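Here it is as structure tokens:
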């Protein structure tokens, strides 16, 4: 149907360590939600303050949680992970002011403008209840104060009953359209991954979803996300005859991202795995067994690993299989 965008009148002030539940209006089907943290950062001290390195300013939001009907989760990601995903998907153009390392003059301030977007495919919002975007804010960088608010912008699509019938109608339970694709973007951490020259097991991909791409970044206790500890990435099938599906160096992966996203790496410790580039289409594990596919890393130092999965699920997967 007709696609249009509008910005909610109600804004939400940024305060440290605060969980901000935002109700999303169900005016029509929703294709996406945009969040912009806009305002300023001030320094009332006597010396100029150098703002922190990456993942600032994205870590000014600790976590984003998008859910409906109380228990159904569309997104569960940190402000950092979603921000890095924005960096790549926007060819590094995503608004992220001020840049890491920016200086805030004594008795001065700098402009703040950070953006994040949630792709909801074409969510049948008019058919569900209580869509809530929860923003758990992060902490203020040392030596400064944050003076800003979150602006919410929604992209809708007016989907008529006629279009729905034309696209197969509703699914068996009559809850949503048959052709519904539900995003399932979840960030999963893995702490204390030991240094290794050969890739070691980080985690298994859970079945029940279709994997499109995986964003992986690593944190070093000294240099944070600005490190070059990862050297190799491996996606291996462990169930049955052990078989690697992906075995690449971090540099080669980042080179692939460069071509794909037309932008240099967010840092030496971040990379994206577009599964369709290694499988015929996306990695569909809807009915796959558990603990069958793992992703492994070779790290120069023992670090904490973060994996943000850009996946989706078909609520009526089976029915659609008919064709």
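In the deposited numbering, the protein residues as written are 2 to 324. Heads up, the beta-carbon is just placed ideally off N, CA and C, and yes, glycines get one too.
Sequence-distant residues of its chain with Cβ nearer than 8 Å to residue i (five each side left out)
i	result
residue 259	265 and 266
residue 308	188, 189, 190, 191, 203, 204, 215, 216, 217 and 296
residue 32	4, 120, 121, 122, 123, 124, 156, 157 and 158
Sub-8 Å separation of residue i and residue j beta-carbons
i	j	result
residue 66	residue 77	yes
residue 81	residue 59	yes
residue 42	residue 150	no
residue 115	residue 183	no
residue 22	residue 133	yes
residue 303	residue 196	yes
residue 233	residue 298	yes
residue 108	residue 50	no
residue 6	residue 152	no
residue 246	residue 311	no
Separation of residue j from residue i, as counted between CA atoms
i	j	result
residue 52	residue 171	51 Å
residue 146	residue 178	46 Å
residue 223	residue 279	34 Å
residue 180	residue 121	14 Å
residue 101	residue 36	20 Å
residue 285	residue 119	21 Å
residue 292	residue 206	7 Å
residue 176	residue 140	40 Å
residue 135	residue 20	7 Å
residue 327	residue 167	Because the chain here runs from 2 to 324, residue 327 falls outside it and cannot be looked at.
residue 18	residue 106	25 Å
residue 93	residue 2	31 Å
residue 320	residue 44	58 Å
residue 216	residue 253	15 Å
residue 14	residue 148	8 Å
residue 251	residue 208	26 Å
residue 137	residue 187	16 Å
residue 231	residue 248	13 Å
residue 261	residue 226	22 Å
residue 244	residue 289	16 Å
Where the beta strand (DSSP E) through residue i begins and ends
i	result
residue 209	Element bounds for residue 209: n/a, residue is neither H nor E.
residue 5	3-8
residue 37	30-44
residue 305	304-314
residue 121	109-124
residue 194	183-194
residue 202	201-205
Same chain only: Cβ atoms within 6 Å of residue i, ignoring 5 sequence neighbours per side
i	result
residue 1	With the chain covering only 2 through 324, there is no way to say anything about residue 1.
residue 305	192 and 220
residue 88	95 and 267
residue 165	178
residue 314	183, 185 and 210
residue 294	206 and 238
residue 271	85 and 218
residue 34	119 and 155
Extent of the continuous alpha helix (DSSP H) to which residue i belongs
i	result
residue 87	80-90
residue 320	318-322
residue 162	162-167
Neighbourhood of residue i by C-beta, 7 Å cutoff - its chain only, sequence neighbours within 5 removed
i	result
residue 30	123, 124, 125, 126, 127, 157, 158 and 160
residue 131	69, 70 and 71
residue 99	42, 52, 58, 111, 112 and 113
Sheet register partners of residue i (DSSP bridge)
i	result
residue 234	249 and 298
residue 14	150
residue 221	225
residue 66	77 and 135
residue 215	274 and 310
residue 22	135
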